[PDB]
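Only one chain is included here, represented as structure tokens and corresponding to the form deposited in one PDB entry.
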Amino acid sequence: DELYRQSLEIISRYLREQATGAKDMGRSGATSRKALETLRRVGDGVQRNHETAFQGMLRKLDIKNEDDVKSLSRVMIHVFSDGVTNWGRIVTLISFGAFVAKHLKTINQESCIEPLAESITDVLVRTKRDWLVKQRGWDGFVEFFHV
């Protein structure tokens, strides 16, 4: 499942880099590198322009431990519950994932960041694989925003 592997590598690297402040590639490295750079520009913009909403959403989720981190899967599924899929929703979910990741670092729950990245990746790849393939994967992601 290369689409899962590539997606996890991009999403995990972004969440962990956002949480730790320290920038840390396999197959399709050139595309994945542009996707991660696109994610830095667009995702940092999303978190800044919607910071107040994200703060309230984070407080509502009330994440105090690793057990509270097993509820986000149902939240991520809710993003696409109306049947609509687009890159804006996808990048917004990953940006909010990075926002949670920063929170998890602050409360010394850094070990939860990887299961969070695996859960975001699973929802995208498991429930939207057809759409992601039709949109040409992360090449299409990079092209859609064309920063």
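For every residue, the number given is its place in the sequence shown, counted from 1. Residues that one form lacks are left out of the comparison. Under this definition, the rigid core comprises the largest set of C-alpha atoms superposing within 1.5 Å between the forms.
In the deposited sequence, the stretch from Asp24 to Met25 hides 1 to 3 residues that have no coordinates. Look at the mean CA B-factor for 63-71 and for 105-113 in the entry; the higher one is 63-71. In this entry, the higher average B-factor at the C-alpha atoms falls on 28-36, of the pair 28-36 and 86-94.
The discussion below concerns the form deposited in another entry, not included here.
Put simply, after the core is superposed between this form and the one not shown, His78 is the one residue in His78, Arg48, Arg59, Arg89 with a Cα shift of at least 2 angstroms. Relative to the superposed core, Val69 shifts its CA atom by 2 Å or more between this form and the one not shown.
Between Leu8 and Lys64, the Cα distance is smaller in that other deposited form than in this structure, by no less than 3 angstroms.
Three angstroms is the minimum change: in that other deposited form, the CA atoms of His78 and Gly43 sit farther apart than in this structure, by 3 Å or more. Taking the core as reference, several blocks of three or more adjacent residues between this form and the one not shown have all their Cα positions offset by 2 Å or more: 63-72, 74-83.
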